[PDB]
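> The following file, run32.csv, comprises CSV, C-alpha atoms:
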```csv
chain,number,residue,atom,x,y,z
P,29,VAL,CA,-13.9,27.9,-16.7
P,30,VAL,CA,-11.9,24.7,-16.2
P,31,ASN,CA,-10.5,24.7,-12.7
P,32,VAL,CA,-7.6,22.8,-11.1
P,33,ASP,CA,-9.9,20.0,-9.9
P,34,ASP,CA,-11.2,19.6,-13.4
P,35,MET,CA,-7.7,19.4,-14.8
P,36,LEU,CA,-6.7,16.8,-12.2
P,37,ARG,CA,-9.8,14.6,-12.9
P,38,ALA,CA,-9.1,15.0,-16.7
P,39,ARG,CA,-5.4,13.9,-16.3
P,40,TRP,CA,-6.5,10.7,-14.4
P,41,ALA,CA,-9.1,10.0,-17.1
P,42,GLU,CA,-6.6,10.4,-19.9
P,43,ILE,CA,-4.1,8.0,-18.2
P,44,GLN,CA,-6.9,5.5,-17.8
P,45,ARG,CA,-7.9,5.9,-21.5
P,46,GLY,CA,-4.4,5.1,-22.5
P,47,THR,CA,-3.7,2.1,-20.2
P,48,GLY,CA,-7.0,0.3,-20.7
P,49,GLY,CA,-8.6,-1.3,-17.7
P,50,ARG,CA,-9.6,0.7,-14.7
P,51,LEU,CA,-7.5,3.3,-12.8
P,52,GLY,CA,-8.7,4.0,-9.3
P,53,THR,CA,-7.2,6.9,-7.5
P,54,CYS,CA,-7.8,8.8,-4.3
P,55,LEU,CA,-5.9,12.0,-3.1
P,56,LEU,CA,-6.7,12.9,0.5
P,57,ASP,CA,-5.4,16.0,2.3
P,58,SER,CA,-4.7,14.9,5.9
P,59,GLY,CA,-4.7,18.6,7.0
P,60,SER,CA,-8.1,19.7,5.7
P,61,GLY,CA,-9.8,16.4,4.9
P,62,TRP,CA,-10.4,17.5,1.3
P,63,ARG,CA,-10.5,14.5,-1.1
P,64,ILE,CA,-10.7,13.9,-4.8
P,65,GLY,CA,-10.5,10.7,-6.8
P,66,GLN,CA,-11.4,8.5,-9.8
P,67,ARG,CA,-13.4,5.3,-9.3
P,68,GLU,CA,-12.6,5.9,-5.6
P,69,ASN,CA,-15.4,3.7,-4.3
P,70,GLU,CA,-14.8,0.7,-6.7
P,71,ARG,CA,-13.1,-2.5,-5.7
P,72,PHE,CA,-9.6,-3.3,-6.8
P,73,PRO,CA,-7.3,-6.2,-6.0
P,74,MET,CA,-4.7,-5.2,-3.5
P,75,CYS,CA,-1.8,-7.4,-4.5
P,76,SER,CA,1.2,-6.5,-2.2
P,77,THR,CA,-0.4,-3.3,-1.0
P,78,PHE,CA,-2.0,-5.5,1.7
P,79,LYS,CA,1.4,-5.8,3.3
P,80,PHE,CA,1.0,-2.2,4.7
P,81,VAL,CA,-2.0,-3.3,6.6
P,82,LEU,CA,-0.4,-6.6,7.7
P,83,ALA,CA,2.5,-4.7,9.2
P,84,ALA,CA,0.1,-2.3,10.9
P,85,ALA,CA,-1.8,-5.3,12.4
P,86,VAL,CA,1.4,-6.7,13.8
P,87,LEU,CA,2.3,-3.4,15.3
P,88,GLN,CA,-1.1,-3.1,16.9
P,89,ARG,CA,-0.5,-6.4,18.7
P,90,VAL,CA,2.9,-5.0,19.8
P,91,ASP,CA,1.2,-1.9,21.1
P,92,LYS,CA,-0.9,-4.1,23.4
P,93,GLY,CA,2.1,-6.1,24.6
P,94,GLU,CA,0.8,-9.3,22.9
P,95,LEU,CA,3.7,-9.7,20.5
P,96,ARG,CA,7.4,-9.1,20.8
P,97,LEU,CA,9.2,-7.5,17.9
P,98,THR,CA,12.3,-9.6,18.9
P,99,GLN,CA,10.5,-12.9,18.7
P,100,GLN,CA,12.4,-15.2,16.4
P,101,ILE,CA,10.4,-16.9,13.6
P,102,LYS,CA,11.8,-20.0,11.9
P,103,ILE,CA,12.2,-19.7,8.2
P,104,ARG,CA,11.8,-23.1,6.5
P,105,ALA,CA,12.4,-24.3,2.9
P,106,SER,CA,8.7,-25.0,2.6
P,107,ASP,CA,8.0,-21.3,3.3
P,108,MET,CA,9.9,-20.2,0.1
P,109,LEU,CA,8.2,-18.4,-2.8
P,110,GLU,CA,9.5,-16.6,-5.9
P,111,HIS,CA,10.1,-13.1,-4.5
P,112,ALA,CA,11.8,-13.3,-1.1
P,113,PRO,CA,14.8,-10.9,-1.0
P,114,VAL,CA,15.5,-11.2,2.7
P,115,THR,CA,13.9,-14.5,3.8
P,116,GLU,CA,15.6,-16.5,0.9
P,117,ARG,CA,18.9,-15.7,2.6
P,118,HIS,CA,17.8,-17.2,6.0
P,119,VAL,CA,16.3,-20.6,5.0
P,120,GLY,CA,17.1,-22.9,7.9
P,121,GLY,CA,17.5,-20.1,10.3
P,122,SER,CA,15.3,-17.4,11.8
P,123,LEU,CA,14.5,-13.7,11.7
P,124,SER,CA,12.8,-11.5,14.2
P,125,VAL,CA,9.2,-10.3,13.8
P,126,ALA,CA,10.6,-6.8,13.2
P,127,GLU,CA,13.0,-8.1,10.6
P,128,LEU,CA,10.1,-9.8,8.8
P,129,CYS,CA,8.0,-6.7,8.9
P,130,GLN,CA,10.8,-4.7,7.4
P,131,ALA,CA,11.3,-7.3,4.7
P,132,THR,CA,7.7,-7.4,3.7
P,133,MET,CA,7.4,-3.6,3.7
P,134,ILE,CA,10.6,-2.5,1.9
P,135,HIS,CA,11.3,-5.5,-0.3
P,136,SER,CA,7.7,-6.9,-0.6
P,137,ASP,CA,9.1,-10.2,0.7
P,138,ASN,CA,6.4,-12.9,0.2
P,139,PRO,CA,7.4,-15.6,2.7
P,140,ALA,CA,7.9,-12.8,5.3
P,141,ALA,CA,4.3,-11.8,4.9
P,142,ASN,CA,3.1,-15.4,5.1
P,143,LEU,CA,5.1,-15.9,8.3
P,144,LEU,CA,3.6,-12.9,9.9
P,145,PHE,CA,0.0,-13.7,9.0
P,146,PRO,CA,-0.7,-16.3,11.8
P,147,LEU,CA,0.7,-13.9,14.4
P,148,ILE,CA,-2.3,-11.6,13.7
P,149,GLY,CA,-4.9,-14.3,13.2
P,150,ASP,CA,-4.4,-15.1,9.4
P,151,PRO,CA,-6.6,-13.3,6.8
P,152,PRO,CA,-9.7,-13.4,9.0
P,153,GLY,CA,-7.7,-11.7,11.8
P,154,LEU,CA,-6.4,-9.1,9.4
P,155,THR,CA,-10.0,-8.4,8.3
P,156,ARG,CA,-11.0,-8.0,11.9
P,157,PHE,CA,-8.1,-5.6,12.4
P,158,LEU,CA,-9.4,-3.5,9.5
P,159,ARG,CA,-12.9,-3.3,10.8
P,160,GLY,CA,-11.6,-2.4,14.2
P,161,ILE,CA,-9.8,0.7,12.9
P,162,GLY,CA,-12.8,1.8,10.9
P,163,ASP,CA,-12.2,0.4,7.5
P,164,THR,CA,-15.5,-1.2,6.4
P,165,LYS,CA,-14.4,-2.1,2.8
P,166,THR,CA,-10.9,-3.6,2.7
P,167,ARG,CA,-10.7,-7.4,3.2
P,168,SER,CA,-8.0,-10.0,3.4
P,169,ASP,CA,-8.8,-13.6,2.5
P,170,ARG,CA,-5.8,-15.4,1.1
P,171,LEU,CA,-2.0,-15.8,1.6
P,172,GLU,CA,0.6,-15.1,-1.0
P,173,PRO,CA,0.6,-16.1,-3.8
P,174,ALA,CA,-3.1,-16.9,-4.1
P,175,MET,CA,-4.3,-13.5,-2.9
P,176,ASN,CA,-3.2,-12.1,-6.2
P,177,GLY,CA,-6.1,-13.8,-8.0
P,178,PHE,CA,-8.8,-11.5,-9.3
P,179,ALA,CA,-11.5,-11.3,-11.9
P,180,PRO,CA,-14.3,-8.7,-12.3
P,181,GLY,CA,-16.6,-9.1,-9.3
P,182,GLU,CA,-14.1,-11.1,-7.3
P,183,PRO,CA,-14.5,-9.6,-3.8
P,184,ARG,CA,-11.6,-11.4,-2.1
P,185,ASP,CA,-8.4,-9.5,-1.2
P,186,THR,CA,-9.8,-6.1,-2.4
P,187,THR,CA,-9.8,-2.5,-1.3
P,188,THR,CA,-11.2,0.7,-2.7
P,189,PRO,CA,-9.0,3.8,-3.4
P,190,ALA,CA,-10.9,5.9,-0.9
P,191,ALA,CA,-11.0,3.2,1.8
P,192,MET,CA,-7.2,2.7,1.5
P,193,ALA,CA,-6.5,6.4,1.6
P,194,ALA,CA,-8.5,6.7,4.8
P,195,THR,CA,-6.7,3.7,6.2
P,196,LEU,CA,-3.3,5.2,5.4
P,197,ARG,CA,-4.5,8.3,7.3
P,198,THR,CA,-5.8,6.4,10.3
P,199,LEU,CA,-2.7,4.2,10.7
P,200,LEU,CA,0.1,6.7,9.9
P,201,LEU,CA,-1.5,9.9,11.3
P,202,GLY,CA,-4.3,9.0,13.7
P,203,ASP,CA,-4.2,7.1,17.0
P,204,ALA,CA,-5.0,3.6,16.0
P,205,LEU,CA,-1.3,2.9,16.6
P,206,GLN,CA,0.9,4.2,19.4
P,207,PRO,CA,3.5,6.8,18.5
P,208,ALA,CA,6.5,4.4,18.3
P,209,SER,CA,4.5,2.2,15.9
P,210,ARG,CA,3.4,5.1,13.7
P,211,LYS,CA,7.0,6.2,13.5
P,212,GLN,CA,8.3,2.7,12.7
P,213,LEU,CA,5.6,2.0,10.0
P,214,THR,CA,6.2,5.4,8.4
P,215,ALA,CA,10.0,4.8,8.4
P,216,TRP,CA,9.5,1.5,6.6
P,217,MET,CA,7.4,3.1,3.9
P,218,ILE,CA,9.9,5.9,3.4
P,219,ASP,CA,12.7,3.2,3.1
P,220,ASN,CA,10.7,1.2,0.4
P,221,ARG,CA,13.0,-0.3,-2.2
P,222,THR,CA,10.4,-1.4,-4.8
P,223,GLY,CA,8.7,1.8,-5.9
P,224,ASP,CA,11.3,3.7,-7.8
P,225,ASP,CA,9.4,3.6,-11.1
P,226,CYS,CA,5.9,4.3,-9.7
P,227,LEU,CA,4.5,7.3,-7.8
P,228,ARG,CA,8.1,8.3,-6.7
P,229,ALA,CA,9.1,8.7,-10.3
P,230,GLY,CA,6.6,11.6,-10.7
P,231,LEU,CA,7.7,13.7,-7.7
P,232,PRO,CA,10.6,16.1,-7.2
P,233,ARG,CA,13.5,14.8,-5.1
P,234,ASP,CA,12.7,17.2,-2.3
P,235,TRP,CA,9.3,15.8,-1.6
P,236,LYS,CA,9.4,13.2,1.1
P,237,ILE,CA,7.4,10.1,0.3
P,238,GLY,CA,6.7,6.7,1.7
P,239,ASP,CA,5.0,4.0,-0.4
P,240,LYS,CA,4.0,0.4,-0.8
P,241,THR,CA,3.7,-1.2,-4.3
P,242,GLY,CA,1.8,-4.1,-5.6
P,243,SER,CA,1.6,-6.0,-9.0
P,244,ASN,CA,0.3,-9.2,-10.4
P,245,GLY,CA,2.9,-9.2,-13.3
P,246,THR,CA,0.3,-9.3,-16.1
P,247,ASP,CA,-2.2,-6.4,-15.9
P,248,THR,CA,-2.3,-4.8,-12.4
P,249,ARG,CA,0.0,-2.3,-10.8
P,250,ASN,CA,-0.7,-0.4,-7.6
P,251,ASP,CA,1.0,2.0,-5.3
P,252,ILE,CA,-0.1,3.7,-2.1
P,253,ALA,CA,1.8,6.6,-0.6
P,254,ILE,CA,2.1,9.3,2.1
P,255,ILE,CA,3.6,12.4,0.6
P,256,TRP,CA,5.0,15.6,2.1
P,257,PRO,CA,5.2,18.6,-0.3
P,258,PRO,CA,7.8,20.9,1.1
P,259,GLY,CA,6.4,23.4,3.6
P,260,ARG,CA,2.9,22.0,3.6
P,261,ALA,CA,1.2,21.9,7.0
P,262,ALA,CA,0.2,18.2,6.7
P,263,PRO,CA,0.9,15.3,4.3
P,264,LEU,CA,-1.2,14.0,1.5
P,265,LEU,CA,-2.3,10.4,1.1
P,266,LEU,CA,-2.4,9.1,-2.5
P,267,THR,CA,-3.7,5.7,-3.6
P,268,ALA,CA,-3.4,4.4,-7.2
P,269,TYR,CA,-4.8,1.1,-8.3
P,270,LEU,CA,-4.5,0.1,-12.0
P,271,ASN,CA,-6.3,-3.2,-12.8
P,272,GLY,CA,-6.9,-4.9,-16.2
P,273,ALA,CA,-4.5,-2.7,-18.1
P,274,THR,CA,-3.7,-3.8,-21.6
P,275,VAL,CA,-0.4,-1.9,-21.9
P,276,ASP,CA,2.9,-3.5,-21.0
P,277,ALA,CA,4.6,-3.6,-17.6
P,278,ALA,CA,6.7,-0.5,-18.1
P,279,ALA,CA,3.7,1.4,-19.3
P,280,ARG,CA,1.8,0.3,-16.2
P,281,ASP,CA,4.5,1.7,-14.0
P,282,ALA,CA,4.6,4.9,-16.1
P,283,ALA,CA,0.9,5.3,-15.6
P,284,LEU,CA,1.4,5.5,-11.8
P,285,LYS,CA,4.3,8.0,-12.4
P,286,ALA,CA,1.8,10.1,-14.4
P,287,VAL,CA,-0.7,9.9,-11.5
P,288,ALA,CA,1.9,11.4,-9.2
P,289,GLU,CA,3.0,14.0,-11.9
P,290,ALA,CA,-0.6,15.2,-11.9
P,291,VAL,CA,-0.6,15.8,-8.2
P,292,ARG,CA,2.9,17.4,-8.4
P,293,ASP,CA,1.8,19.8,-11.2
P,294,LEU,CA,-1.6,20.7,-10.0
P,295,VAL,CA,-1.7,20.3,-6.2
P,296,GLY,CA,1.9,21.4,-5.3
```
Would you kindly transcribe this structure into structure tokens?


Amino acid sequence: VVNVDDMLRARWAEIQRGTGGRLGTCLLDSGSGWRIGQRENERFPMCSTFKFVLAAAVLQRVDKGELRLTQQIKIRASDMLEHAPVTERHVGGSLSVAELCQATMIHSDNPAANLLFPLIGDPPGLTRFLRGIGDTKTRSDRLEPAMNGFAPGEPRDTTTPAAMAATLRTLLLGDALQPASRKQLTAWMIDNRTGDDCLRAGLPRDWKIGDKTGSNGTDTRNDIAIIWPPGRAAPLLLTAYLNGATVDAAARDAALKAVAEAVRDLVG
């Protein structure tokens, strides 16, 4: 008969049939290593989900004593871009590296990410960081806002659902980062302010979740998360990348809500 894995795959297929485009997902149990997904090895544009790996790259340098979290970085008028909830309030002044990391994580602050990039070697350095932690697929090539560009076959600034789930697991739960850095990165994801209508909207209030969103404003909506169902021995990693959707922005968010509802209903 139809099993729970079948029902999960069918739900993700139905969501994709409704949105148009491609929906890539990966659910990874960090306790057992069990994994299931849709289009999990296909390339998707990251949009702001790259900021998770950028903050991790910054913390890796902190772990080696090569960067100070308290280093003050000047914020200049020429650094400004559209969505800058923290940095736009500090033009002409400065913010610490830790404050920029927080801003790019929890508010998706675009100038904050651009200001952190050179501290880890720019997009080539971020790609080297990813290879160094065992991610062979994800790649960073451009700064904001140009990194959002994507067309079928465009390789730049992409990940796969399964690679990003493994990278969540490595960075949040493995030993690529020192304990203080794993805790700090996890706390930023739990404090995210931009994902209330995405995966979080499909989970009960008692499930702890950290997440990082991305969007291009026209057809792509992504969300990547670490999720603790109450009482479970280990968290789940869940990646969801919706690209080329022909439904409107609210329907794109609601598609990610539905991805999480499927995990809630069938896996918890």

> Distance CA of residue 85 (chain P)-CA of residue 153 (chain P), one decimal place?

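Distance between the two atoms: 8.7 Å.
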
> Can you pull out every residue within 12 Å of residue 35 (chain P), counting only C-alpha atoms, but drop anything in the same chain fewer than 3 positions away, and send it as a PyMOL selection string?

chain P and resi 29-32+38-42+64+290-291+293-295

> Could you pull out every residue with an atom within 12 Å of (-15.8, 7.6, -10.6), file coordinates, counting all atoms listed in the file, and send them as an MDAnalysis selection string?

chainID P and resid 37:38 40:41 44 50:54 64:71 188:190

> I'd like the neighbourhood of residue 195 (chain P) as a CSV table (one decimal) with C-alpha atoms, in the frame of the given file, where a residue qualifies if any of its atoms comes within 12 Å (using all atoms listed in the file), though same-chain residues fewer than 6 positions away should be ignored.


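around-v1.csv, written as the output of this step:
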```csv
chain,number,residue,atom,x,y,z
P,54,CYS,CA,-7.8,8.8,-4.3
P,56,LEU,CA,-6.7,12.9,0.5
P,58,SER,CA,-4.7,14.9,5.9
P,77,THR,CA,-0.4,-3.3,-1.0
P,78,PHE,CA,-2.0,-5.5,1.7
P,80,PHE,CA,1.0,-2.2,4.7
P,81,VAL,CA,-2.0,-3.3,6.6
P,84,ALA,CA,0.1,-2.3,10.9
P,85,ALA,CA,-1.8,-5.3,12.4
P,157,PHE,CA,-8.1,-5.6,12.4
P,158,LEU,CA,-9.4,-3.5,9.5
P,159,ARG,CA,-12.9,-3.3,10.8
P,160,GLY,CA,-11.6,-2.4,14.2
P,161,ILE,CA,-9.8,0.7,12.9
P,162,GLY,CA,-12.8,1.8,10.9
P,163,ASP,CA,-12.2,0.4,7.5
P,164,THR,CA,-15.5,-1.2,6.4
P,165,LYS,CA,-14.4,-2.1,2.8
P,166,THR,CA,-10.9,-3.6,2.7
P,187,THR,CA,-9.8,-2.5,-1.3
P,188,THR,CA,-11.2,0.7,-2.7
P,189,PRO,CA,-9.0,3.8,-3.4
P,201,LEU,CA,-1.5,9.9,11.3
P,202,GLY,CA,-4.3,9.0,13.7
P,203,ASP,CA,-4.2,7.1,17.0
P,204,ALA,CA,-5.0,3.6,16.0
P,205,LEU,CA,-1.3,2.9,16.6
P,252,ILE,CA,-0.1,3.7,-2.1
P,253,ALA,CA,1.8,6.6,-0.6
P,254,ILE,CA,2.1,9.3,2.1
P,265,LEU,CA,-2.3,10.4,1.1
P,266,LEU,CA,-2.4,9.1,-2.5
P,267,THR,CA,-3.7,5.7,-3.6
```

> Report the centre and edge lengths, in Å to one decimal, of an axis-aligned box enclosing every atom of region 208-211 of chain P listed in the file, padded by 4 Å on each side, as lines of an AutoDock Vina configuration file.


```
center_x = 5.2
center_y = 4.2
center_z = 15.9
size_x = 11.6
size_y = 12.0
size_z = 12.8
```

> Restricting the calculation to only C-alpha atoms, which member of P:257, P:173, P:232, P:272 is positioned closest to residue 289 (chain P)?

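Nearest candidate to residue 289 (chain P) out of P:257, P:173, P:232, P:272: P:232.
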
> Rank nothing, just name the residue among P:97, P:133, P:87, P:262 nearest to residue 221 (chain P), using all atoms listed in the file.

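Of P:97, P:133, P:87, P:262, the one nearest residue 221 (chain P) is P:133, counting all atoms listed in the file.
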
> Hey, can you check how far CA of residue 142 (chain P) sits from CA of residue 220 (chain P)?

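CA of residue 220 (chain P) lies at a distance of 18.9 Å from CA of residue 142 (chain P).
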
> Need to verify the contact set: region 109-119 of chain P, 6 Å, all atoms listed in the file, exclusion of same-chain residues closer than 3 positions in sequence. Can you return it as a PyMOL selection string?

chain P and resi 103-105+137-138

> Expressed in Å to a single decimal, how great is the separation between CA of residue 196 (chain P) and CA of residue 243 (chain P)?

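Here the two named atoms are 18.9 Å from each other.
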
> Pick out the closest residue to residue 235 (chain P) from this set: P:185, P:296, P:214, P:197. Count all atoms listed in the file.

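Closest to residue 235 (chain P) of all the choices is P:296.
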
> For residue 46 (chain P), list every protein, DNA or RNA residue within 10 Å, evaluated using only C-alpha atoms, and leave out those in the same chain fewer than 5 positions away; present the list as a CSV table (one decimal) with C-alpha atoms, in the coordinates of the input.


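In the end it all went to out-v8.csv:
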```csv
chain,number,residue,atom,x,y,z
P,41,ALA,CA,-9.1,10.0,-17.1
P,273,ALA,CA,-4.5,-2.7,-18.1
P,274,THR,CA,-3.7,-3.8,-21.6
P,275,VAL,CA,-0.4,-1.9,-21.9
P,279,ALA,CA,3.7,1.4,-19.3
P,283,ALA,CA,0.9,5.3,-15.6
```

> Smallest atom-to-atom distance to residue 76 (chain P): which of P:101, P:126, P:146, P:244, using all atoms listed in the file?

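That would be P:244, the residue with the smallest distance to residue 76 (chain P).
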
> Which residue, P:122, P:176, P:75, P:194, has the smallest gap to residue 61 (chain P) when you use all atoms listed in the file?

P:194

> Rank nothing, just name the residue among P:264, P:233, P:225, P:90 nearest to residue 250 (chain P), using all atoms listed in the file.

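Ranked by minimum distance to residue 250 (chain P), first place goes to P:225.
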